[PDB]
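The chain that follows stands alone, in the form deposited in one PDB entry, written as structure tokens.
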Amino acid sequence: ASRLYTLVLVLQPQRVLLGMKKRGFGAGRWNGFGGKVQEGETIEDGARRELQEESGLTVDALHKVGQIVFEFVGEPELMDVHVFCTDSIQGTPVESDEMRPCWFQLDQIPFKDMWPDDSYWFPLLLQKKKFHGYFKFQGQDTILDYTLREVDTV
């Protein structure tokens, strides 16, 4: 058993929007926007909801760019993360209770203050390659196992 999550990256030609997670899981790291998919919404609709709740933004179109499965040692549910991108946003990002948004130049992405798996798969998002990733963490800092590959269909 896995649990569905979303992650949304707003990726423009020379900049990417990230949020500093203020509370809960991953607090104190920059990440894309997202969360648990709820009952009664599609995965994409949950990604839009989470982007709106966390950043205030709405989007015309979301593109599927990846799937990453996370195992956390000692947690029974795997996280099945569906990764989306958009260039097209509507509105100005604003801070929420969960996230403080900020734009980053593509050569200044703050990997040292991001989940450690991001260093591995971001290069693929930036190159516009679709991917499937798996990472096994021991706590929040150590990757014990991982796999990563490009795919044709996400």
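Throughout, we count residues from 1 along the sequence that is shown. Rigid core: the largest C-alpha set superposing within 1.5 Å between the two forms. Shifts are known only where both forms have a C-alpha.
There is another form of this protein, the form solved in complex with a small molecule, and it is not shown here; the text below is about that form.
*Asks:* Which pick from 129, 63, 36, 100 sits with a heavy atom within 4.5 Å of the small molecule in the deposited bound form?
*Replies:* Here the answer is residue option 36.
*Asks:* Look at the stretches 55-63, 87-95, 116-124, 100-108 and give the one with heavy atoms within 4.5 Å of the small molecule in the deposited bound form.
*Replies:* Partner-contacting stretch among the options: 116-124.
*Asks:* For residues common to both forms, which consecutive runs of 3 or more show C-alpha displacement of 2 Å or more between this form and the one not shown upon rigid core superposition, listed in sequence order?
*Replies:* 23-25, 96-98 are the stretches that shift between this form and the one not shown.
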